[PDB]
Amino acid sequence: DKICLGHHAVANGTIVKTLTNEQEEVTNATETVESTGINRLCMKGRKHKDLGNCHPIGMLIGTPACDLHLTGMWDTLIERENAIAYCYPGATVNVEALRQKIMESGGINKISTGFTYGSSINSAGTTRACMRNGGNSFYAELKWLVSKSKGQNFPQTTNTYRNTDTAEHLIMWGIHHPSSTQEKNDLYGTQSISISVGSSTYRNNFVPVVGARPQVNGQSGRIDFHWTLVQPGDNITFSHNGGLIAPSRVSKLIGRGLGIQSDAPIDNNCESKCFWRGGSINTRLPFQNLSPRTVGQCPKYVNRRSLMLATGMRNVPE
């Protein structure tokens, strides 16, 4: 008469690593590294804004492609590839810092500047590179100041924006760089052109420079954009005589949101907290191997297909 003690075994065991053995067979195990993502932007439960082909900088200056995105509120902001910032060609100084600022905001208010100009100034400068409603137009939030009488000198003028609010204001402006002397003279005259910008914490001067360059969207001219923050209760003064692309409205970045760059389609029916260029990640697992580039609340990226965690004893078959 006898009684024996024992333990279970399975036909099909799983291999795991231990401190002393790279190939240990145990009765069961489970994955720790998430391998499966979602090819969609899961936006359920979030007030999101899909910018489409509007580039974030365009929201501030009013590029025609951004007309539906000049203002708004959101908790997540979605940027797509090849989005457009500039109808009339040019570039923004300190561009990435500005893009990032916008991409962590929870909305944008626009407040007018109140800038008025004398009759010798045509403040409705317009271009075929910025079409809007079938007509030549220009950046919604800016004004292309030009001499009313062609070839005549742009008058000496001064405009001051007063921030009479309780939060900082983002103001942007452009400097036009003509591609020819004729072009320069036609718009602003033969005089020496200078633009001076000054507040309590900012000062800078700009000089429009004529130069031959290839055409972008039909234009060999360039407009360079500049920006700063106007602190509450501070005034910022523009002193100019041509070449200033004047702001008609300034911006205010409201609250915080999550910035996503992705060309993945939106799904309003799934929810997520972790995003990447390729879409979304939903796991309880502490690790993932989909992307080293994620945003939100995400599992840590590791360079492994699989790390199995044992959930059973050694498997000892016979």
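Note that residue numbering begins at 1 and tracks the sequence as displayed.
TODO: Could you settle it for me: does 296-304 or 10-18 have the higher average Cα B factor in the PDB entry?
DONE: On average, C-alpha B-factors are higher across 10-18.
TODO: May I ask you to compare 83-91 and 178-186 by their mean CA B factor in the entry and name the higher one?
DONE: It is 178-186 that shows the higher mean C-alpha B-factor.
Open item on the list: Among the choices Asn133, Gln100, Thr76, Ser248, identify the one whose CA B-factor in the record is greatest.
Closed with: When the deposited C-alpha B-factors of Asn133, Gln100, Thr76, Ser248 are compared, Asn133 is largest.
TODO: Among the candidates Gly114, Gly221, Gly72, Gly243, give the one with the maximum CA B-factor reported in the record.
DONE: Going by the entry's C-alpha B-factors, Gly114 comes out highest.
Open item on the list: Ranking the modelled residues of this chain by C-alpha B-factor as given in the entry, is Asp263 in the lowest, middle or highest third?
Closed with: For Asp263, the deposited C-alpha B-factor lands in the highest third.
Task: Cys270 - which third its CA temperature factor falls in, relative to the rest of the chain - done: Answer is highest: the recorded C-alpha B-factor places it there.
- [ ] Taking the values exactly as deposited, rank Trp173 by C-alpha B-factor within its chain and report the matching third: lowest, middle or highest.
- [x] Lowest third, going by the recorded CA B-factors of the chain.
TODO: Looking at the entry's B-factor column for C-alpha atoms only, identify whether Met313 ranks in the lowest, middle or highest third of its chain.
DONE: Bottom third by C-alpha B-factor.
Task: Within-chain third of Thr127 by Cα B-factor, per the entry - done: Middle third, going by the recorded CA B-factors of the chain.
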